[PDB]
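Given next, in structure tokens, is a single chain: the form deposited in one PDB entry.
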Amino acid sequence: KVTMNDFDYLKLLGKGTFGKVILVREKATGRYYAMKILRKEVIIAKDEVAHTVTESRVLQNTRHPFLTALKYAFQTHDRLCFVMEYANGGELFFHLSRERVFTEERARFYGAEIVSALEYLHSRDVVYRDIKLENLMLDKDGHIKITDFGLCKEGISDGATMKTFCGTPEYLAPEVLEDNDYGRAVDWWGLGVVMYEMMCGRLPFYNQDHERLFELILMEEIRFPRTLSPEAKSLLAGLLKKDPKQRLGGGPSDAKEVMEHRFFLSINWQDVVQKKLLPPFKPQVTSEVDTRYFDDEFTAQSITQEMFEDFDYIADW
């Protein structure tokens, strides 16, 4: 069994309604983790129970270098706690806010890792449903890790459908803004939006008014910069095709149509997963406790029976 007091609470990485995320150090081992700490009473009050429970079930039945790994899940009387591996490199949202726009080659590196992951997830009958720069993190070695699995759907294989209107407004596939059900293609739309942010330096469609933002995703055609490579333009036009059946990775082969596009001609898909590629960017951290790739906003602060049945957890690794 494991308890809140097996951990040293070192730095605050995030904070919101549902709780905090803290860099912590397991006292008995020395090894550093990110701990997601959530108030049970706020989770229950805002109908986010299933999501939390899905997140733990998903995180429990997944094994992949580009998906974040759960070491410990536990609860106290008023809290739920996930102890997952620490992403030293911060969010892509952080890096891309700084650089503004990545090179095609770098975009391509990250794009491959996301694709390999969505491949894995789709092979497990999971549809991720929340691809965004915020959910994409970088480990110590410079590799992507998907964080946050609350919005996933499970047991969707081949052409199974889903109904829940969910995810992130800016990142929503057109078919999810149409009434009725939708398939796993939505993940590829998602990839299309992040690759575009990485390459064209802005969101493909944006309006603070959500009514307009949806009129945009449904009706408007993406523009591309003039000197963006033709194979990049091709990839993006394919992933941001509005009709899912005509979208790249929207056919019966799924991730394979995306792997066999000529944007990725130089990528060896056997050796992406095996991690034989020197990443194009190494986070530049001095100590283990350095949080220069998270916001001063959070890091500068110092620190303090039915429903949750399938939650507690201890990893064998």
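Throughout, we count residues from 1 along the sequence that is shown. Under this definition, the rigid core comprises the largest set of C-alpha atoms superposing within 1.5 Å between the forms.
The same protein has a further form, the form deposited in another entry, not shown here; the description that follows concerns it.
After superposition on the rigid core, the single residue among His210, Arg202, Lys245, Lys140 whose C-alpha moves by 2 Å or more between the shown form and the other one is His210.
Fitting the two forms on the rigid core leaves the C-alpha of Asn268 displaced by under 2 angstroms between the shown form and the other one. Relative to the superposed core, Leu80 shifts its CA atom by 2 Å or more between the shown form and the other one. Core-superposed comparison between the shown form and the other one: CA of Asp254 displaced by less than 2 Å. Distance between the C-alpha atoms of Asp141 and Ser287: shorter by at least 3 Å in the other form than in the displayed form.
Three angstroms is the minimum change: in the other form, the CA atoms of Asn135 and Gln208 sit farther apart than in this structure, by 3 Å or more.
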